[PDB]
Amino acid sequence: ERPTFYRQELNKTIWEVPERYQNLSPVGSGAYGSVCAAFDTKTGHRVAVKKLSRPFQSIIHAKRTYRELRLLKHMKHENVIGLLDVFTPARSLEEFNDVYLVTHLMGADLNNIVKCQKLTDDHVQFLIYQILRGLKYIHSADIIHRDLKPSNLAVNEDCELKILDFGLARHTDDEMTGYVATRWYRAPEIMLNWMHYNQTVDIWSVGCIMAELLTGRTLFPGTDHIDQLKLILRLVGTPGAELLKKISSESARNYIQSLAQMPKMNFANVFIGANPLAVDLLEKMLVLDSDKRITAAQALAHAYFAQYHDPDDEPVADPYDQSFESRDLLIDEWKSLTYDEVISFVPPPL
Ligand SMILES: NC(=O)[C@H](CCC1CCCCC1)NC(=O)c1ccc(CNC(=O)c2cnn(-c3ccccc3)c2N)cc1
């Protein structure tokens, strides 16, 4: 039952795909990876086909490939990107060297919806509701996104939103000090290297995004790392007594004392003219102490989302086994685990 493949050169690289996928055309010119839009002849809809780069070149690439495929295969929710198909032109493990992932093709990211202009309060309710719905699901699998931002949120014409990650999926706290494209949406504990991050690092990002949808402007547009933190602390204040008691290190404490003491601002005096329920939710999302920050499930029940909330249609995920992340395997083992996950893929209902 193996489909017939065809080969073409696109953006100076070979693409070998099933005949199912017609009219391939490169998109994003880098911001997405090596991604083509295509017409799915089985469904009559457009799709996105991502070709992974050098997937089994090394142990690190192989484990990255395996990770992405595992995560995409897991995600089965309306507000999270899903896997429509995964394929390889290889006929056997021995010749397995390329992997293609197929998803829905979205219409625009959230920057392209906002365009430096305020959204209506009802539109903000709907967008944030959907982000939180997706995040309840992600977090229920014990997955943290860690890089939520407008470019990682895509919508269609009907304003249906999906959470994606156009970067490298991070899986541990230890990666937060590596590469990052923008830090405007990053929680202060990450910026301060406090470690022990919880899932509400993602809620911080949502708060930043929500503010920006409401005002049309970035909430914390720092020029650099230090400036990012200074802007954050001007809004949310210097740490309180309760939070200082949780800092293990004299220097971080001695550091945290070395920045100028800011009192927290009343957000009602910052988001002038906003819906008071929006301001209250923002207060609950942008708490400096992450132990006190609202969770996705809690936020879905906030009165701000009354017109959309349905406690019986905010589902959770099956458990996701991430024990592989702790393993040290050979390159051919990661490759074989990946192959087996390609073979076992079951498409979603048509
Ligand atoms: N980095 C990773 O490992 C993650 C792992 C999953 C992750 C999901 C969120 C929770 C955490 C885990 N991979 C992806 O998110 C991923 C995204 C897209 C595609 C192919 N489609 C597209 O590239 C695509 C689809 N519409 N437009 C689009 C079109 C126009 C405007 C905006 C977007 C695309 N560019 C494959 C994988």
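We number chain A the same way Swiss-Prot does; the residues here are 4-353, in that order.
Header lists the method as X-ray crystallography, 1.5 Å.
Positions of Cβ are set from backbone N, Cα and C atoms, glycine also.
What Swiss-Prot says about this protein:
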type	residues	note
MOD_RES	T16	phosphothreonine
DOMAIN	24-308	domain 'Protein kinase'
BINDING	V30, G31, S32, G33, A34, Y35, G36, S37, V38, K53	ATP binding site
MOD_RES	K53	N6-acetyllysine
MOD_RES	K152	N6-acetyllysine
ACT_SITE	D168	active site, proton acceptor
MOD_RES	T180	phosphothreonine
MOD_RES	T180	phosphothreonine
MOD_RES	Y182	phosphotyrosine
MOD_RES	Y182	phosphotyrosine
MOD_RES	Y323	phosphotyrosine
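Only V38, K53, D168, in sequence order, out of the recorded positions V38, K53, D168, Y182, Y323 have a CB under 6 Å from ligand 1. Across the structure, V38 (ATP binding site) and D168 (active site, proton acceptor) are spaced 14 Å apart at their Cα atoms. Ranked by Cα separation from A34 (ATP binding site), the modified residues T16, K53, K152, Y182, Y323 are led by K53. Shown in sequence order, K53, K54, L55, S56, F169 are the residues of the chain, 6+ apart in sequence, with a C-beta less than 8 angstroms from the C-beta of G36 (ATP binding site). In sequence order, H148, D150, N155 constitute the residues six or more apart from the residue listed as 'active site, proton acceptor' in its chain with CB-CB distances below 8 Å.
Under the DSSP three-state reduction, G36 (ATP binding site) is assigned to coil, being neither helix nor strand. Each of the modified residues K53, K152 was scored by other CB atoms within 10 A of its CB, and the lowest score goes to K53. Across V30, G31, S32, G33, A34, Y35, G36, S37, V38, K53, which the record gives as binding ATP, the greatest C-alpha separation is 12 Å. Cβ atoms within 8 Å of the centroid of the Cβ atoms of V30, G31, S32, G33, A34, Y35, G36, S37, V38, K53 (the ATP site) belong to the same-chain residues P29, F169, site residues excluded. Comparing Cα positions, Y182 (phosphotyrosine) lies closest to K152 out of the recorded positions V30, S32, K152. The least crowded of the modified residues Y182, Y323, judged by other CB atoms within 10 A of its own CB, is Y182. Taking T16, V30, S32, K152, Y323 as the recorded positions under consideration, the smallest Cα distance to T180 (phosphothreonine) is found for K152. Separating the Cα atoms of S32 (ATP binding site) and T16 (phosphothreonine) is a whole-number distance of 13 Å. Set side by side, the binding-site residues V30, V38 differ in how many other CB atoms lie within 10 angstroms of their CB, and the most is found at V38. Here the candidates are the modified residues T16, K152, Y323. The one whose C-alpha lies nearest to that of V30 (ATP binding site) is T16.
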